[PDB]
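Architecture and fold: a report
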Protein chains: 2
Amino acid sequence: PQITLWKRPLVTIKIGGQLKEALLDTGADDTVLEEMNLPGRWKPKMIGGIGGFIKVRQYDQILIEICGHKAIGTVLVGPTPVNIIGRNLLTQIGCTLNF
Amino acid sequence: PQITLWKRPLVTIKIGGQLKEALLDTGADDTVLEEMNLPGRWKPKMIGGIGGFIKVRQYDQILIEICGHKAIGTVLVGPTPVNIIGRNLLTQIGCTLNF
Ligand SMILES: COC(=O)N[C@@H](C)C(=O)N[C@@H](Cc1ccccc1)[C@@H](O)C[C@H](Cc1ccccc1)NC(=O)O[C@H]1CO[C@H]2OCC[C@H]21
C-alpha cells in the first residue's frame, strides 16, 4: 500500500504466532521489539538510539509477517519504548520512501 | 524522488542558510537537529527515543528545504547523534511509504 505520515505508521505484525502493533521506521537500521517470549537461540547485544544504549536479545532468522508481507531476519528484543520495524526488514518487503 | 532503504536515507537539507545531511525518519514524530545556533526565541523540551531522553531547544516556524521541497514547522535542536527529519515536516513534502 501507500502510507501517509499524518499519523504514526503503525501496522500489525505477526511474530512467533502472536499479533503485535509496530512502527514502520526508516530511521532505524534494526528491528527492535518490546520484551516477549520468542523461541530459539539468542545472543546478548546492545543497541544505541537517541537517548543512549539498551541491552537486547538478538534473534536471528526469525519469521515476521508485516501487513501480510513475509520477512525472515534479525529481531532484537528488549526494553524499547515502542516496537520498531527497521530497514533490515523494510527492505525485504520492498518498502521505499516517495515524495 | 524514490529513496530505497538499503542504506540510511540521508538527504541534504537547507536550514538557517546552512546545508546539512539529515535522515528521513518515519519513526520520529518531530524533527531533531544537531547543535546549531538558530536565532530567535525557543522553548525547552525533552524528547525520548531508545535509551532515554535528551534536552532540546524547540524553535517554531522554521523553514527547511529538503531535496528542493520546502517545509515550515517546529525544529528541535540538541545533542542528537544524527540530524533527523520527522513526520511533522515529511508530511509537508508529500512523503509516503510504499510497499
Ligand atoms: C516520539 O518519539 C520520537 O519521535 N523519537 C524520535 C526522536 C526517535 O528516537 N525515533 C526512533 C524510533 C523511536 C524510538 C523510541 C520511541 C519512539 C520512536 C527512530 O525513528 C530514529 C532513531 C534515529 C537515530 C539513528 C542513529 C543513532 C541514534 C538515533 N533511530 C533509532 O533509534 O534506531 C536504533 C534501532 O536501529 C538502530 O539504527 C539507528 C539507531 C538504532
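As stated in the entry header, the method of structure determination is X-ray crystallography and the reported resolution is 1.80 Å.

Per the PDB entry, chain A carries the name Protease NL4-3 and comes from Human immunodeficiency virus 1.

**Some points on the overall build of chain A**
A tally of helices and strands in chain A yields one helix and nine strands. The helix and strand sequence of chain A, counted from the amino end, reads β-β-β-β-β-β-β-β-α-β. Here the C-alpha radius of gyration of chain A, 13 Å, is about what a compact globule of 99 residues would show, namely 13 Å.

**A word on the site of the ligand**
As a matter of local geometry, the ligand sits amid 24 residues, with A:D25, A:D29, B:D25, B:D29 and B:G48 nearest to it. Bound to the protein, the ligand loses 92% of the 760 Å² it would expose on its own. With respect to the detected pockets, the ligand is housed in the largest pocket. Among the secondary structure elements, those contributing two or more residues to the shell around the ligand are strand 5 (43-49) of chain A together with strand 5 (43-49) of chain B. Broken down by element, the residue count for the shell around the ligand peaks at three residues, all from strand 5 of chain A.

**Quick look at the interface of chain A and chain B**
Across the boundary between the two partners, chain A contributes 38 residues, which contact 37 residues of chain B. Looking at the side of chain A that touches chain B, the elements that each hand over two or more residues are strand 1 (2-3), strand 3 (18-24), strand 5, strand 6 (52-66), helix 1 (87-90) and strand 9 (96-98) of chain A. Residues that form the side of chain A that touches chain B fall into these classes: 19 nonpolar, 14 polar and five charged.

**Quick look at the environment of B:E21**
Residue and element names in this part refer to chain B. With respect to the helices and strands, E21 occurs in strand 3 (residues 18-24). In sequence terms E21 and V75 are 54 residues apart; their C-alpha atoms lie 15 Å from each other. Beyond its immediate sequence surroundings of up to four residues, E21 is in contact with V11, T12 and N83. One polar contact links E21 to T12, side chain to side chain, over a distance of 2.7 Å.

**Here's the deal with the UniProt feature "domain: Peptidase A2" (unreviewed entry) in chain A**
The sites that UniProt annotates as "domain: Peptidase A2" (unreviewed entry) are residues 20-89 of chain A. Secondary structure content for residues 20-89 of chain A is 4% helix and 57% strand, and the end C-alpha separation is 16 Å.

**Examining the sheet that holds strand 1 of chain A**
Taken together, the four strands give an open sheet; going across it, the order is 1(A)-9(B)-9(A)-1(B), and neighbouring strands pair in antiparallel fashion. Each of the sheet's edge strands pairs with one partner strand only, and the pair in question is strand 1 of chain A together with strand 1 (2-3) of chain B. As judged from the two bridges shared by strand 9 of chain A and strand 1 of chain B, these two strands associate in the antiparallel manner. Note that in strand 1 of chain B the partner of A:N98 across the bridge is B:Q2.

Criteria and thresholds
- Residues numbered from 1 in each chain as written, not as in the entry; some residues may be left out.
- Chains lettered and ligands numbered in written order.
- Heavy atoms only, no water.
- Residues with missing side-chain atoms left out of burial classes, pairs and counts.
- Helix = DSSP H or I, 4+ residues; strand = E, 2+ residues; numbered from the N terminus.
- Rg over C-alpha atoms; globule rule 2.2 N^0.38 Å.
- Near = heavy atom within 4 Å.
- Areas by Shrake-Rupley, 256 points an atom, 1.4 Å probe, with all protein chains shown as cover.
- 1 Å grid on protein atoms, 1.4 Å probe; cavity = no way out; pocket = protein on both sides within 12 Å on 5 of 7 lines; lining within 4 Å.
- Sits in = over half its atoms within 2 Å of the grid points.
- Contact = heavy atoms within 4.5 Å.
- Nonpolar A, V, L, I, M, F, W, Y, C, P; charged D, E, K, R; others polar.
- Polar contact = N/O pair within 3.5 Å; in protein donor to acceptor, adjacent residues only side chain to side chain.
- UniProt positions renumbered as here; feature names shortened; annotations may be inferred.
- Pairing = 2+ DSSP bridges.

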